[PDB]
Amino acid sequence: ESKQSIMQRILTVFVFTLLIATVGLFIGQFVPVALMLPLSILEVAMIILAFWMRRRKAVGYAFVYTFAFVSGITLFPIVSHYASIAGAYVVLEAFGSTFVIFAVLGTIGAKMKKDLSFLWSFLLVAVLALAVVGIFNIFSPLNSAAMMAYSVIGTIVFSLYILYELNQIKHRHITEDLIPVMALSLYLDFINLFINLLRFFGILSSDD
């Protein structure tokens, strides 16, 4: 099949994962808080299996849809936290902003003729740096000044990742078994961008 059909199937599953995550977000309000950490460890195991492990056969559809539901449940602690200090509409602002960046930068990358595979180093090194401060935030919560810079840098990094992601979908040879894992990558890019925008707008609309 042509790439125009493969991209439509990747974006269709990506929309399905967003809907499933929304269901998991609504169900996560009833899940007890003690279950949030074990569910988080389950996600890190799935992320390692999908991307970090050398797999002969690619990940399947049931795997990605399950991750999207579980990821939505563990997203309730942070969503309900910023809805408390900034209002329920600030969550929709960050969600809407995540879509316009995904649409604008995702389209420019998918229609870009130049192969952006050379900046894979800078995106990896930036995300690994953001991963280090993420661990520091868990054990030592960040103040307003540091958290704001962490959110803006994270918003810029994961915005450029969406531009790079769909640009690589256009240039790299995408087979049919990679459709779930490619839509799973777009979901992780979407969620991390959404968390940073939720963090960005939350600090902006509060009395920190």
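Each residue number is its position in the shown sequence, starting from 1.
- Judged by mean Cα B factor in the deposited record, 139-147 ranks above the other of 139-147 and 153-161.
- Of the two segments, 52-60 and 32-40, the one listed with the higher mean B-factor is 52-60 (C-alpha atoms only).
- Sorting the modelled residues of the chain by their CA temperature factor places residue 175 in the highest third.
- Annotation for residue 98: C-alpha temperature factor in the middle third relative to the rest of the modelled chain, per the entry.
- For residue 124, the recorded CA B-factor ranks within the middle third of the chain. Only modelled residues enter the ranking.
- In the deposited entry, the Cα temperature factor of residue 90 sits in the top third of values across the chain's modelled residues.
- Ranked against the other modelled residues of its chain, the C-alpha B-factor of residue 131 as given in the entry falls in the lowest third.
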